[PDB]
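Student: So that you have it, the file is final-v7.cif, and it contains mmCIF, N, CA and C atoms:
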data_protein
loop_
_atom_site.label_atom_id
_atom_site.label_comp_id
_atom_site.auth_asym_id
_atom_site.auth_seq_id
_atom_site.Cartn_x
_atom_site.Cartn_y
_atom_site.Cartn_z
N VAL A 67 21.25 -18.46 -27.47
CA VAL A 67 21.35 -18.07 -26.02
C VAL A 67 21.23 -16.57 -25.96
N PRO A 68 20.06 -16.07 -25.60
CA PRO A 68 19.85 -14.63 -25.49
C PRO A 68 20.96 -13.92 -24.71
N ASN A 69 21.35 -12.77 -25.24
CA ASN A 69 22.19 -11.81 -24.54
C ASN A 69 21.65 -11.52 -23.12
N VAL A 70 20.34 -11.32 -22.99
CA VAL A 70 19.71 -11.07 -21.66
C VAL A 70 18.87 -12.29 -21.28
N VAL A 71 19.16 -12.88 -20.14
CA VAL A 71 18.32 -13.96 -19.61
C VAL A 71 17.74 -13.53 -18.29
N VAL A 72 16.42 -13.47 -18.21
CA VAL A 72 15.74 -13.04 -16.98
C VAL A 72 15.50 -14.31 -16.19
N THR A 73 15.92 -14.33 -14.94
CA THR A 73 15.95 -15.56 -14.18
C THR A 73 14.90 -15.66 -13.07
N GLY A 74 14.51 -14.54 -12.48
CA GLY A 74 13.60 -14.62 -11.36
C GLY A 74 12.89 -13.35 -10.99
N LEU A 75 11.76 -13.56 -10.32
CA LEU A 75 10.98 -12.54 -9.67
C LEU A 75 10.83 -12.96 -8.22
N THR A 76 11.06 -12.00 -7.35
CA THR A 76 10.85 -12.15 -5.92
C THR A 76 9.96 -11.04 -5.42
N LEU A 77 8.90 -11.38 -4.68
CA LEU A 77 8.09 -10.36 -4.05
C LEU A 77 8.72 -10.21 -2.66
N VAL A 78 9.36 -9.07 -2.42
CA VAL A 78 10.09 -8.80 -1.19
C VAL A 78 9.14 -8.15 -0.20
N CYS A 79 8.91 -8.81 0.93
CA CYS A 79 7.97 -8.35 1.96
C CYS A 79 8.47 -8.90 3.30
N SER A 80 8.79 -8.01 4.24
CA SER A 80 9.43 -8.45 5.46
C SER A 80 8.51 -9.26 6.36
N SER A 81 7.20 -9.09 6.24
CA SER A 81 6.28 -9.81 7.11
C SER A 81 5.63 -11.04 6.49
N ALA A 82 5.98 -11.36 5.24
CA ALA A 82 5.49 -12.61 4.69
C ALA A 82 6.11 -13.80 5.42
N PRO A 83 5.32 -14.83 5.64
CA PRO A 83 5.83 -15.99 6.40
C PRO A 83 6.77 -16.91 5.64
N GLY A 84 6.94 -16.73 4.34
CA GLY A 84 7.87 -17.51 3.55
C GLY A 84 8.17 -16.83 2.24
N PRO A 85 9.17 -17.32 1.52
CA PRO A 85 9.60 -16.68 0.28
C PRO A 85 8.50 -16.76 -0.77
N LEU A 86 8.47 -15.71 -1.56
CA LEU A 86 7.53 -15.52 -2.64
C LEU A 86 8.34 -15.31 -3.92
N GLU A 87 8.57 -16.40 -4.64
CA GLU A 87 9.52 -16.46 -5.76
C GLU A 87 8.92 -17.12 -6.99
N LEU A 88 9.22 -16.56 -8.15
CA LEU A 88 8.98 -17.23 -9.45
C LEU A 88 10.32 -17.49 -10.13
N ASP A 89 10.45 -18.71 -10.62
CA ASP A 89 11.59 -19.11 -11.44
C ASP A 89 11.25 -18.83 -12.89
N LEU A 90 11.81 -17.75 -13.44
CA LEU A 90 11.40 -17.29 -14.75
C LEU A 90 12.11 -18.05 -15.89
N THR A 91 13.00 -18.97 -15.52
CA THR A 91 13.53 -19.94 -16.51
C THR A 91 12.64 -21.17 -16.67
N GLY A 92 11.63 -21.29 -15.82
CA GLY A 92 10.76 -22.46 -15.80
C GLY A 92 9.54 -22.29 -16.69
N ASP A 93 8.48 -23.03 -16.36
CA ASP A 93 7.25 -23.01 -17.14
C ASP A 93 6.41 -21.78 -16.81
N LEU A 94 6.51 -20.77 -17.66
CA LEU A 94 5.80 -19.50 -17.42
C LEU A 94 4.27 -19.65 -17.44
N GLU A 95 3.73 -20.47 -18.34
CA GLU A 95 2.28 -20.67 -18.35
C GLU A 95 1.70 -21.09 -17.01
N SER A 96 2.42 -21.89 -16.24
CA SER A 96 1.84 -22.39 -14.98
C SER A 96 1.56 -21.27 -13.98
N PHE A 97 2.28 -20.18 -14.11
CA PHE A 97 2.10 -19.06 -13.18
C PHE A 97 0.75 -18.40 -13.30
N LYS A 98 0.09 -18.52 -14.46
CA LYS A 98 -1.19 -17.87 -14.65
C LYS A 98 -2.28 -18.39 -13.74
N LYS A 99 -2.09 -19.62 -13.25
CA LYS A 99 -3.07 -20.25 -12.40
C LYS A 99 -2.68 -20.21 -10.92
N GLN A 100 -1.44 -19.80 -10.63
CA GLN A 100 -0.92 -19.68 -9.28
C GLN A 100 -1.13 -18.26 -8.76
N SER A 101 -0.96 -18.05 -7.44
CA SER A 101 -0.90 -16.72 -6.92
C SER A 101 -0.11 -16.67 -5.65
N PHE A 102 0.44 -15.50 -5.36
CA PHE A 102 1.04 -15.22 -4.06
C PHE A 102 -0.02 -14.61 -3.17
N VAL A 103 -0.21 -15.16 -1.98
CA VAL A 103 -1.06 -14.55 -0.99
C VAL A 103 -0.31 -13.40 -0.31
N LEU A 104 -0.93 -12.22 -0.34
CA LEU A 104 -0.40 -11.05 0.32
C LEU A 104 -1.42 -10.49 1.31
N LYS A 105 -0.98 -10.18 2.52
CA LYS A 105 -1.85 -9.59 3.52
C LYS A 105 -2.16 -8.15 3.13
N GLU A 106 -3.43 -7.76 3.23
CA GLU A 106 -3.83 -6.42 2.82
C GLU A 106 -2.99 -5.36 3.56
N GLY A 107 -2.64 -4.31 2.83
CA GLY A 107 -1.92 -3.20 3.44
C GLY A 107 -0.43 -3.29 3.60
N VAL A 108 0.17 -4.46 3.34
CA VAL A 108 1.60 -4.61 3.62
C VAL A 108 2.45 -3.92 2.56
N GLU A 109 3.61 -3.42 2.99
CA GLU A 109 4.64 -2.91 2.08
C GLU A 109 5.40 -4.03 1.43
N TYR A 110 5.65 -3.87 0.13
CA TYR A 110 6.44 -4.82 -0.63
C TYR A 110 7.18 -4.13 -1.79
N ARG A 111 8.18 -4.82 -2.31
CA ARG A 111 8.91 -4.41 -3.51
C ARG A 111 8.99 -5.64 -4.42
N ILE A 112 9.21 -5.42 -5.69
CA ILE A 112 9.40 -6.52 -6.64
C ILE A 112 10.87 -6.50 -7.05
N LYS A 113 11.53 -7.64 -6.91
CA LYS A 113 12.92 -7.81 -7.33
C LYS A 113 12.97 -8.70 -8.57
N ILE A 114 13.66 -8.20 -9.59
CA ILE A 114 13.86 -8.91 -10.82
C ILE A 114 15.33 -9.19 -10.99
N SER A 115 15.66 -10.45 -11.23
CA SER A 115 17.04 -10.90 -11.38
C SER A 115 17.28 -11.29 -12.82
N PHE A 116 18.46 -10.95 -13.36
CA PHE A 116 18.76 -11.26 -14.75
C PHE A 116 20.26 -11.24 -15.01
N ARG A 117 20.66 -11.85 -16.13
CA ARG A 117 22.06 -11.76 -16.52
C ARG A 117 22.16 -11.17 -17.90
N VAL A 118 23.29 -10.49 -18.13
CA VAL A 118 23.66 -9.91 -19.40
C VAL A 118 24.94 -10.63 -19.83
N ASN A 119 24.89 -11.26 -20.99
CA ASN A 119 25.89 -12.25 -21.35
C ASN A 119 27.04 -11.73 -22.22
N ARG A 120 26.72 -10.96 -23.26
CA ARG A 120 27.71 -10.57 -24.28
C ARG A 120 27.83 -9.10 -24.62
N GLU A 121 26.72 -8.38 -24.65
CA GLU A 121 26.69 -6.99 -25.08
C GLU A 121 25.96 -6.10 -24.11
N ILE A 122 26.41 -4.86 -24.03
CA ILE A 122 25.74 -3.80 -23.30
C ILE A 122 24.31 -3.62 -23.76
N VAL A 123 23.39 -3.55 -22.79
CA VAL A 123 22.00 -3.24 -23.04
C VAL A 123 21.62 -1.91 -22.39
N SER A 124 21.01 -1.02 -23.15
CA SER A 124 20.70 0.33 -22.70
C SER A 124 19.22 0.59 -22.58
N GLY A 125 18.86 1.54 -21.73
CA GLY A 125 17.47 1.96 -21.59
C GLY A 125 16.54 0.83 -21.18
N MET A 126 17.03 -0.02 -20.29
CA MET A 126 16.22 -1.13 -19.77
C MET A 126 14.99 -0.61 -19.05
N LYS A 127 13.89 -1.34 -19.20
CA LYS A 127 12.59 -0.84 -18.81
C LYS A 127 11.78 -2.03 -18.36
N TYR A 128 11.24 -1.93 -17.15
CA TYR A 128 10.39 -2.97 -16.59
C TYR A 128 8.97 -2.41 -16.51
N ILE A 129 8.02 -3.16 -17.05
CA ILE A 129 6.63 -2.72 -17.15
C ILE A 129 5.73 -3.70 -16.42
N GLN A 130 4.83 -3.18 -15.58
CA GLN A 130 3.76 -4.03 -14.99
C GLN A 130 2.41 -3.45 -15.34
N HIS A 131 1.54 -4.24 -15.93
CA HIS A 131 0.13 -3.84 -16.07
C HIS A 131 -0.70 -4.74 -15.14
N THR A 132 -1.51 -4.13 -14.28
CA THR A 132 -2.28 -4.86 -13.29
C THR A 132 -3.75 -4.85 -13.70
N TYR A 133 -4.37 -6.00 -13.54
CA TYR A 133 -5.75 -6.25 -13.94
C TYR A 133 -6.53 -6.81 -12.76
N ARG A 134 -7.82 -6.51 -12.74
CA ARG A 134 -8.72 -7.11 -11.78
C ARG A 134 -9.87 -7.66 -12.59
N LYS A 135 -10.13 -8.95 -12.45
CA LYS A 135 -11.11 -9.67 -13.27
C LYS A 135 -11.01 -9.35 -14.76
N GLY A 136 -9.77 -9.27 -15.23
CA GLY A 136 -9.47 -9.22 -16.65
C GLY A 136 -9.53 -7.82 -17.23
N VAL A 137 -9.83 -6.82 -16.40
CA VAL A 137 -9.81 -5.43 -16.83
C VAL A 137 -8.60 -4.70 -16.27
N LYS A 138 -7.89 -3.96 -17.13
CA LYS A 138 -6.69 -3.25 -16.67
C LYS A 138 -7.02 -2.11 -15.73
N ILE A 139 -6.37 -2.08 -14.58
CA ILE A 139 -6.60 -1.01 -13.62
C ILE A 139 -5.39 -0.14 -13.38
N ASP A 140 -4.21 -0.60 -13.80
CA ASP A 140 -3.02 0.18 -13.62
C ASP A 140 -1.95 -0.18 -14.62
N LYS A 141 -1.17 0.83 -15.01
CA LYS A 141 0.01 0.64 -15.84
C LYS A 141 1.17 1.37 -15.17
N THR A 142 2.28 0.68 -14.94
CA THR A 142 3.44 1.30 -14.33
C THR A 142 4.71 0.88 -15.07
N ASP A 143 5.51 1.85 -15.49
CA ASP A 143 6.78 1.59 -16.17
C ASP A 143 7.90 2.06 -15.26
N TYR A 144 8.98 1.29 -15.21
CA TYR A 144 10.17 1.66 -14.44
C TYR A 144 11.39 1.59 -15.31
N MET A 145 12.13 2.70 -15.37
CA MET A 145 13.41 2.72 -16.08
C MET A 145 14.48 2.23 -15.13
N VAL A 146 15.25 1.23 -15.54
CA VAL A 146 16.15 0.55 -14.62
C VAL A 146 17.62 0.60 -15.01
N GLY A 147 17.93 1.19 -16.17
CA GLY A 147 19.29 1.55 -16.50
C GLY A 147 19.96 0.85 -17.65
N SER A 148 21.29 0.91 -17.61
CA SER A 148 22.15 0.41 -18.66
C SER A 148 23.15 -0.58 -18.05
N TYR A 149 23.31 -1.75 -18.66
CA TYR A 149 24.00 -2.89 -18.01
C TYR A 149 24.98 -3.53 -18.95
N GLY A 150 26.21 -3.69 -18.49
CA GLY A 150 27.21 -4.36 -19.29
C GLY A 150 27.27 -5.84 -19.01
N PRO A 151 27.88 -6.57 -19.92
CA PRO A 151 27.94 -8.01 -19.77
C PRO A 151 28.91 -8.39 -18.70
N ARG A 152 28.53 -9.38 -17.89
CA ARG A 152 29.41 -9.97 -16.94
C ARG A 152 28.85 -11.29 -16.46
N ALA A 153 29.68 -12.04 -15.73
CA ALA A 153 29.21 -13.33 -15.25
C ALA A 153 28.19 -13.18 -14.13
N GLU A 154 28.39 -12.19 -13.27
CA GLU A 154 27.59 -12.00 -12.06
C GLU A 154 26.21 -11.48 -12.44
N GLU A 155 25.18 -12.09 -11.87
CA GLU A 155 23.80 -11.63 -12.11
C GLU A 155 23.58 -10.19 -11.69
N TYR A 156 22.59 -9.56 -12.30
CA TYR A 156 22.09 -8.27 -11.84
C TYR A 156 20.71 -8.40 -11.19
N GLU A 157 20.37 -7.43 -10.36
CA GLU A 157 19.02 -7.34 -9.77
C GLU A 157 18.63 -5.88 -9.73
N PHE A 158 17.33 -5.62 -9.87
CA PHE A 158 16.78 -4.31 -9.45
C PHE A 158 15.52 -4.53 -8.64
N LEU A 159 15.13 -3.49 -7.92
CA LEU A 159 13.93 -3.51 -7.11
C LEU A 159 13.02 -2.38 -7.52
N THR A 160 11.73 -2.62 -7.61
CA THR A 160 10.78 -1.55 -7.81
C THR A 160 10.59 -0.77 -6.51
N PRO A 161 10.15 0.47 -6.60
CA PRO A 161 9.91 1.24 -5.38
C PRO A 161 8.80 0.61 -4.54
N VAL A 162 8.93 0.81 -3.23
CA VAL A 162 7.98 0.26 -2.28
C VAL A 162 6.55 0.67 -2.66
N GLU A 163 5.66 -0.31 -2.59
CA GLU A 163 4.24 -0.08 -2.64
C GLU A 163 3.55 -0.83 -1.54
N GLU A 164 2.26 -0.54 -1.38
CA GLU A 164 1.47 -1.14 -0.33
C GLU A 164 0.38 -1.95 -0.99
N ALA A 165 0.11 -3.15 -0.48
CA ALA A 165 -1.05 -3.90 -0.96
C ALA A 165 -2.31 -3.11 -0.60
N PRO A 166 -3.36 -3.17 -1.43
CA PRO A 166 -4.59 -2.47 -1.06
C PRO A 166 -5.28 -3.14 0.11
N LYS A 167 -6.30 -2.48 0.66
CA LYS A 167 -6.98 -2.98 1.83
C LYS A 167 -8.45 -2.75 1.73
N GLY A 168 -9.22 -3.62 2.37
CA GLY A 168 -10.66 -3.44 2.50
C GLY A 168 -11.39 -4.48 1.71
N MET A 169 -12.63 -4.72 2.09
CA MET A 169 -13.40 -5.79 1.54
C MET A 169 -13.44 -5.69 0.01
N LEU A 170 -13.71 -4.51 -0.54
CA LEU A 170 -13.86 -4.35 -1.98
C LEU A 170 -12.52 -4.41 -2.73
N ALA A 171 -11.41 -4.45 -2.00
CA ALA A 171 -10.07 -4.56 -2.61
C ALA A 171 -9.48 -5.97 -2.48
N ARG A 172 -10.07 -6.81 -1.65
CA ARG A 172 -9.55 -8.16 -1.46
C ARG A 172 -9.85 -9.06 -2.67
N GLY A 173 -9.01 -10.05 -2.85
CA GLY A 173 -9.16 -10.98 -3.95
C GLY A 173 -8.00 -10.91 -4.90
N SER A 174 -8.19 -11.46 -6.09
CA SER A 174 -7.06 -11.68 -6.98
C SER A 174 -6.87 -10.55 -7.98
N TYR A 175 -5.60 -10.31 -8.29
CA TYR A 175 -5.14 -9.33 -9.28
C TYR A 175 -4.15 -10.07 -10.17
N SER A 176 -4.23 -9.85 -11.48
CA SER A 176 -3.26 -10.41 -12.41
C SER A 176 -2.32 -9.31 -12.85
N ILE A 177 -1.07 -9.68 -13.05
CA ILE A 177 -0.03 -8.75 -13.43
C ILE A 177 0.63 -9.30 -14.71
N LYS A 178 0.66 -8.48 -15.76
CA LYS A 178 1.42 -8.80 -16.95
C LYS A 178 2.70 -7.95 -16.94
N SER A 179 3.80 -8.67 -16.79
CA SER A 179 5.14 -8.12 -16.70
C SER A 179 5.89 -8.24 -18.03
N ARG A 180 6.61 -7.18 -18.39
CA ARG A 180 7.48 -7.20 -19.57
C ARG A 180 8.80 -6.52 -19.19
N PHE A 181 9.90 -7.10 -19.64
CA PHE A 181 11.23 -6.55 -19.45
C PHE A 181 11.79 -6.33 -20.85
N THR A 182 12.13 -5.08 -21.15
CA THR A 182 12.52 -4.68 -22.49
C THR A 182 13.59 -3.60 -22.41
N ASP A 183 13.93 -2.97 -23.53
CA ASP A 183 14.97 -1.92 -23.53
C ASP A 183 14.75 -0.91 -24.65
N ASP A 184 15.77 -0.07 -24.91
CA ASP A 184 15.73 0.93 -25.98
C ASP A 184 15.46 0.37 -27.36
N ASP A 185 15.88 -0.86 -27.59
CA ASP A 185 15.66 -1.52 -28.87
C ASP A 185 14.31 -2.24 -28.94
N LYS A 186 13.48 -2.05 -27.91
CA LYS A 186 12.15 -2.70 -27.80
C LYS A 186 12.21 -4.23 -27.84
N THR A 187 13.34 -4.77 -27.41
CA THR A 187 13.55 -6.20 -27.31
C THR A 187 12.65 -6.83 -26.22
N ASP A 188 12.05 -7.97 -26.53
CA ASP A 188 11.25 -8.69 -25.56
C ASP A 188 12.17 -9.62 -24.80
N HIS A 189 12.84 -9.09 -23.76
CA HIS A 189 13.75 -9.94 -22.97
C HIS A 189 13.00 -11.06 -22.26
N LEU A 190 11.84 -10.75 -21.69
CA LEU A 190 10.90 -11.74 -21.19
C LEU A 190 9.59 -11.03 -20.90
N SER A 191 8.50 -11.75 -21.16
CA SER A 191 7.16 -11.36 -20.81
C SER A 191 6.53 -12.54 -20.04
N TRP A 192 5.82 -12.22 -18.97
CA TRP A 192 5.17 -13.23 -18.16
C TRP A 192 4.02 -12.65 -17.37
N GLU A 193 3.12 -13.54 -16.95
CA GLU A 193 1.92 -13.15 -16.24
C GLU A 193 1.84 -13.94 -14.95
N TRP A 194 1.49 -13.23 -13.88
CA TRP A 194 1.46 -13.80 -12.54
C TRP A 194 0.39 -13.12 -11.73
N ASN A 195 0.12 -13.62 -10.52
CA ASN A 195 -1.03 -13.16 -9.77
C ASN A 195 -0.72 -12.94 -8.30
N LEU A 196 -1.46 -12.01 -7.74
CA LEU A 196 -1.49 -11.71 -6.31
C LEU A 196 -2.89 -11.96 -5.76
N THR A 197 -3.01 -12.50 -4.54
CA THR A 197 -4.29 -12.62 -3.89
C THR A 197 -4.23 -11.87 -2.56
N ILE A 198 -5.00 -10.78 -2.48
CA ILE A 198 -5.02 -9.95 -1.29
C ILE A 198 -6.02 -10.48 -0.31
N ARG A 199 -5.54 -10.76 0.89
CA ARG A 199 -6.33 -11.39 1.96
C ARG A 199 -6.22 -10.63 3.28
N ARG A 200 -7.19 -10.84 4.18
CA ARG A 200 -7.08 -10.24 5.53
C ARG A 200 -5.88 -10.73 6.30
N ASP A 201 -5.48 -11.98 6.04
CA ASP A 201 -4.45 -12.67 6.77
C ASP A 201 -3.63 -13.51 5.81
N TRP A 202 -2.41 -13.82 6.23
CA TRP A 202 -1.54 -14.67 5.43
C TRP A 202 -2.03 -16.10 5.28
N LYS A 203 -2.73 -16.62 6.28
CA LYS A 203 -3.31 -17.96 6.17
C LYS A 203 -4.75 -18.11 6.59
N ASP A 204 -5.11 -17.27 7.56
CA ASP A 204 -6.38 -17.12 8.26
C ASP A 204 -6.33 -17.42 9.77
#
Could you write out this structure as structure tokens?
Tutor:
Amino acid sequence: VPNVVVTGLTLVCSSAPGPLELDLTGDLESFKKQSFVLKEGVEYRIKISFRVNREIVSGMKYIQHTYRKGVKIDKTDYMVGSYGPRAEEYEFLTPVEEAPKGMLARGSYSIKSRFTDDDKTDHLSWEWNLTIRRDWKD
């Protein structure tokens, strides 16, 4: 039973018509074929939920690499702190970003996420997708 268990990802967006959630205790492979529809231009944050079970973990680091048609277009690392063990889950949020906009920016983006720390531990790695559209449904 890992000291750190990563439980979920939530794409936080006030104008999305419904929750945008991944259960990171579930089947991670299935996410590679799924996507969240996001309206072009909207503000959003990424929330990662996790628990720390037995020992203090230091220098926690959340990494997203974003790809378009299998080519990397962005790398972003976030330092998220030092966390002691407790029963209550922890969460952090990435800083607000905006979905891109315009015909040449619409379509799917893949994101390879890794959650690690000072010891370079692979707490969890997973891949998921966004689909940028003019509208949430059409």
Student: Fewer than 2 positions away in the same chain doesn't count, so skip those; otherwise give me all residues within 6 Å of residue 181 in chain A, counting only C-alpha atoms, as a list in words.
Tutor: residues 127, 128, 189 and 190 of chain A
Student: Find the residues around residue 183 in chain A up to 6 Å (all atoms listed in the file counted), leave out those fewer than 6 positions away in its own chain, and share them as a ChimeraX atom specification.
Tutor: /A:124-127
Student: Quick one: write out the picked residues with N, CA and C atoms as a PDB file, in the frame of the given file?
Tutor:
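Output contents, as saved in out-v5.pdb:
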ATOM      1  N   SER A 124      21.010  -1.020 -23.150  1.00  0.00           N
ATOM      2  CA  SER A 124      20.700   0.330 -22.700  1.00  0.00           C
ATOM      3  C   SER A 124      19.220   0.590 -22.580  1.00  0.00           C
ATOM      4  N   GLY A 125      18.860   1.540 -21.730  1.00  0.00           N
ATOM      5  CA  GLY A 125      17.470   1.960 -21.590  1.00  0.00           C
ATOM      6  C   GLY A 125      16.540   0.830 -21.180  1.00  0.00           C
ATOM      7  N   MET A 126      17.030  -0.020 -20.290  1.00  0.00           N
ATOM      8  CA  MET A 126      16.220  -1.130 -19.770  1.00  0.00           C
ATOM      9  C   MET A 126      14.990  -0.610 -19.050  1.00  0.00           C
ATOM     10  N   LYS A 127      13.890  -1.340 -19.200  1.00  0.00           N
ATOM     11  CA  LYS A 127      12.590  -0.840 -18.810  1.00  0.00           C
ATOM     12  C   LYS A 127      11.780  -2.030 -18.360  1.00  0.00           C
TER      13      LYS A 127
END
Student: If I take atom C of residue 148 in chain A and atom N of residue 160 in chain A, how far is one from the other in Å, to one decimal?
Tutor: 15.6 Å
Student: Run through the PyMOL selection byres ((chain A and resi 122) around 7) on the given coordinates and return the selected residues as a list in words.
Tutor: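 Checking the PyMOL selection byres ((chain A and resi 122) around 7) against this file, the residues are residues 120, 121, 123, 124, 148, 149, 150 and 151 of chain A.
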Student: When you draw a straight line from atom N of residue 136 in chain A to CA of residue 81 in chain A, how long is it in Å?
Tutor: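 If I compute the distance from atom N of residue 136 in chain A to CA of residue 81 in chain A, I get 27.5 Å.
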Student: Between A:101, A:106, A:68, A:85, which one has atoms that come closest to residue 164 in chain A, using only N, CA and C atoms?
Tutor: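 Ranked by minimum distance to residue 164 in chain A, first place goes to A:106.
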Student: Can you work out which one of A:187, A:119, A:179, A:73 has the shortest atom-to-atom distance to residue 90 in chain A, counting all atoms listed in the file?
Tutor: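 Closest candidate: A:73.
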Student: Let me know the residues the PyMOL selection byres ((chain A and resi 116) around 8) catches in the file above, as a VMD selection string.
Tutor: chain A and resid 70 to 75 113 to 115 117 to 119 154 to 158
Student: Between A:88, A:108, A:78, A:94, which is the closest to residue 202 in chain A once you count only C-alpha atoms?
Tutor: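 Nearest to residue 202 in chain A: A:108.
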Student: So which bits of chain A end up strand (DSSP E or B) when you DSSP the backbone, as a PyMOL selection string?
Tutor: chain A and resi 70-78+87-89+102-105+109-118+123-134+137-149+156-159+163-164+173-182+190-199
Student: Tell me, as a list in words, which residues lie within 7 Å of residue 200 in chain A, counting all atoms listed in the file; anything in the same chain fewer than 4 positions away does not count.
Tutor: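 Using all atoms listed in the file, the neighbours found are residues 104, 105, 106, 172 and 204 of chain A.
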Student: May I have the selected residues written with N, CA and C atoms, as a tab-separated table (two decimals), in the coordinates of the input?
Tutor:
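selection26.tsv written:
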chain	number	residue	atom	x	y	z
A	104	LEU	N	-0.93	-12.22	-0.34
A	104	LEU	CA	-0.40	-11.05	0.32
A	104	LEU	C	-1.42	-10.49	1.31
A	105	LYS	N	-0.98	-10.18	2.52
A	105	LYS	CA	-1.85	-9.59	3.52
A	105	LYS	C	-2.16	-8.15	3.13
A	106	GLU	N	-3.43	-7.76	3.23
A	106	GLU	CA	-3.83	-6.42	2.82
A	106	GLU	C	-2.99	-5.36	3.56
A	172	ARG	N	-10.07	-6.81	-1.65
A	172	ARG	CA	-9.55	-8.16	-1.46
A	172	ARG	C	-9.85	-9.06	-2.67
A	204	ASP	N	-5.11	-17.27	7.56
A	204	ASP	CA	-6.38	-17.12	8.26
A	204	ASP	C	-6.33	-17.42	9.77
Student: Could you write out as a VMD selection string the residues that the PyMOL selection byres (((chain A and resi 174 and name CA) around 8) and name CA) matches in the shown file?
Tutor: chain A and resid 101 134 to 135 172 to 173 175 to 176 195 to 198
Student: Of the candidates A:129, A:103, A:165, A:112, which one gets nearest to residue 180 in chain A if we count only N, CA and C atoms?
Tutor: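 Answer, going by the shortest atom-to-atom distance: A:129.
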Student: When you draw a straight line from atom C of residue 178 in chain A to CA of residue 152 in chain A, how long is it in Å?
Tutor: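 Between these atoms lies a distance of 26.8 Å.
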Student: Can you take the partial range 103-116 of chain A, add N, CA, C and O atoms, and return it as a PDB file, in the frame of the given file?
Tutor:
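Now in result_24.pdb:
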ATOM      1  N   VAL A 103      -0.210 -15.160  -1.980  1.00  0.00           N
ATOM      2  CA  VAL A 103      -1.060 -14.550  -0.990  1.00  0.00           C
ATOM      3  C   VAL A 103      -0.310 -13.400  -0.310  1.00  0.00           C
ATOM      4  O   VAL A 103       0.806 -13.544   0.177  1.00  0.00           O
ATOM      5  N   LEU A 104      -0.930 -12.220  -0.340  1.00  0.00           N
ATOM      6  CA  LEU A 104      -0.400 -11.050   0.320  1.00  0.00           C
ATOM      7  C   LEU A 104      -1.420 -10.490   1.310  1.00  0.00           C
ATOM      8  O   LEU A 104      -2.580 -10.297   0.967  1.00  0.00           O
ATOM      9  N   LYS A 105      -0.980 -10.180   2.520  1.00  0.00           N
ATOM     10  CA  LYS A 105      -1.850  -9.590   3.520  1.00  0.00           C
ATOM     11  C   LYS A 105      -2.160  -8.150   3.130  1.00  0.00           C
ATOM     12  O   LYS A 105      -1.276  -7.432   2.737  1.00  0.00           O
ATOM     13  N   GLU A 106      -3.430  -7.760   3.230  1.00  0.00           N
ATOM     14  CA  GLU A 106      -3.830  -6.420   2.820  1.00  0.00           C
ATOM     15  C   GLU A 106      -2.990  -5.360   3.560  1.00  0.00           C
ATOM     16  O   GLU A 106      -2.648  -5.482   4.773  1.00  0.00           O
ATOM     17  N   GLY A 107      -2.640  -4.310   2.830  1.00  0.00           N
ATOM     18  CA  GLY A 107      -1.920  -3.200   3.440  1.00  0.00           C
ATOM     19  C   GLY A 107      -0.430  -3.290   3.600  1.00  0.00           C
ATOM     20  O   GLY A 107       0.204  -2.307   3.981  1.00  0.00           O
ATOM     21  N   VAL A 108       0.170  -4.460   3.340  1.00  0.00           N
ATOM     22  CA  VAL A 108       1.600  -4.610   3.620  1.00  0.00           C
ATOM     23  C   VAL A 108       2.450  -3.920   2.560  1.00  0.00           C
ATOM     24  O   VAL A 108       2.055  -3.810   1.389  1.00  0.00           O
ATOM     25  N   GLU A 109       3.610  -3.420   2.990  1.00  0.00           N
ATOM     26  CA  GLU A 109       4.640  -2.910   2.080  1.00  0.00           C
ATOM     27  C   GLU A 109       5.400  -4.030   1.430  1.00  0.00           C
ATOM     28  O   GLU A 109       5.785  -5.015   2.086  1.00  0.00           O
ATOM     29  N   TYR A 110       5.650  -3.870   0.130  1.00  0.00           N
ATOM     30  CA  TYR A 110       6.440  -4.820  -0.630  1.00  0.00           C
ATOM     31  C   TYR A 110       7.180  -4.130  -1.790  1.00  0.00           C
ATOM     32  O   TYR A 110       6.798  -3.025  -2.201  1.00  0.00           O
ATOM     33  N   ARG A 111       8.180  -4.820  -2.310  1.00  0.00           N
ATOM     34  CA  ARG A 111       8.910  -4.410  -3.510  1.00  0.00           C
ATOM     35  C   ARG A 111       8.990  -5.640  -4.420  1.00  0.00           C
ATOM     36  O   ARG A 111       8.890  -6.771  -3.962  1.00  0.00           O
ATOM     37  N   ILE A 112       9.210  -5.420  -5.690  1.00  0.00           N
ATOM     38  CA  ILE A 112       9.400  -6.520  -6.640  1.00  0.00           C
ATOM     39  C   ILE A 112      10.870  -6.500  -7.050  1.00  0.00           C
ATOM     40  O   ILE A 112      11.379  -5.476  -7.504  1.00  0.00           O
ATOM     41  N   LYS A 113      11.530  -7.640  -6.910  1.00  0.00           N
ATOM     42  CA  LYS A 113      12.920  -7.810  -7.330  1.00  0.00           C
ATOM     43  C   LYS A 113      12.970  -8.700  -8.570  1.00  0.00           C
ATOM     44  O   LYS A 113      12.463  -9.826  -8.572  1.00  0.00           O
ATOM     45  N   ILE A 114      13.660  -8.200  -9.590  1.00  0.00           N
ATOM     46  CA  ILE A 114      13.860  -8.910 -10.820  1.00  0.00           C
ATOM     47  C   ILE A 114      15.330  -9.190 -10.990  1.00  0.00           C
ATOM     48  O   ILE A 114      16.160  -8.279 -10.797  1.00  0.00           O
ATOM     49  N   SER A 115      15.660 -10.450 -11.230  1.00  0.00           N
ATOM     50  CA  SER A 115      17.040 -10.900 -11.380  1.00  0.00           C
ATOM     51  C   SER A 115      17.280 -11.290 -12.820  1.00  0.00           C
ATOM     52  O   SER A 115      16.438 -11.935 -13.432  1.00  0.00           O
ATOM     53  N   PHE A 116      18.460 -10.950 -13.360  1.00  0.00           N
ATOM     54  CA  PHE A 116      18.760 -11.260 -14.750  1.00  0.00           C
ATOM     55  C   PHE A 116      20.260 -11.240 -15.010  1.00  0.00           C
ATOM     56  O   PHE A 116      21.029 -10.695 -14.228  1.00  0.00           O
TER      57      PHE A 116
END
